[PDB]
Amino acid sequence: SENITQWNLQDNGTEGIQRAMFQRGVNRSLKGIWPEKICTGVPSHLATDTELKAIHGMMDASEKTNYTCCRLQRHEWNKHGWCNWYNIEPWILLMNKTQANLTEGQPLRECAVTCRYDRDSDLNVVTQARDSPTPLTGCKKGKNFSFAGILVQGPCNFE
């Protein structure tokens, strides 16, 4: 409940992962699961490409891996993983389930984080989202939201 889960949503309008997702027909790819403690210093365990590829469906945000694995996946382990989950297997298991739920198209609660306001469609196209509400960035006031196609009135989509 105390852990933020953020992910990316497709958009041909955004340079980087969002466009790569649009092109590959992926609607949502996990960014990370964030507890409150961040992980300064040398990791307990150094994550290997094989362990990171086990988070099936998660696309790397780095152009330099053609938006596949592992830069982003490795970064999340280094910045939020080791110091909080102590061992790689439980983390991988959790990252893979959240991504699986994302891939099923149904996240518990989708909630805008950052938009790219598309003037041509009078829509706040959502680039990143999370499981809980948060202050927005780049979302025009009173304009409708586009969550990987799905049209939603508010920033969040529940309660």
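The first residue of the sequence shown is number 1, and the count goes up from there.
Novice: Please compare 89 to 97 with 106 to 114 and name the stretch with the higher mean C-alpha B-factor in the deposited structure.
Specialist: Mean C-alpha B-factor is greater for 106 to 114.
Novice: Which of the two stretches, 119 to 127 or 47 to 55, shows the higher mean Cα temperature factor in the record?
Specialist: It is 119 to 127.
Novice: What third of its chain, lowest, middle or highest, does the C-alpha temperature factor of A61 fall into?
Specialist: According to the entry, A61 has a C-alpha B-factor in the chain's lowest third.
Novice: Ranking every modelled residue in this chain by its Cα temperature factor as given in the entry, which third contains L30?
Specialist: Its C-alpha B-factor belongs to the lowest third of this chain's values.
Novice: Which third of the chain does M21 land in by C-alpha B-factor: lowest, middle or highest?
Specialist: Middle third.
Novice: What third of the chain, by the recorded C-alpha B-factor, contains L9?
Specialist: According to the entry, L9 has a C-alpha B-factor in the chain's lowest third.
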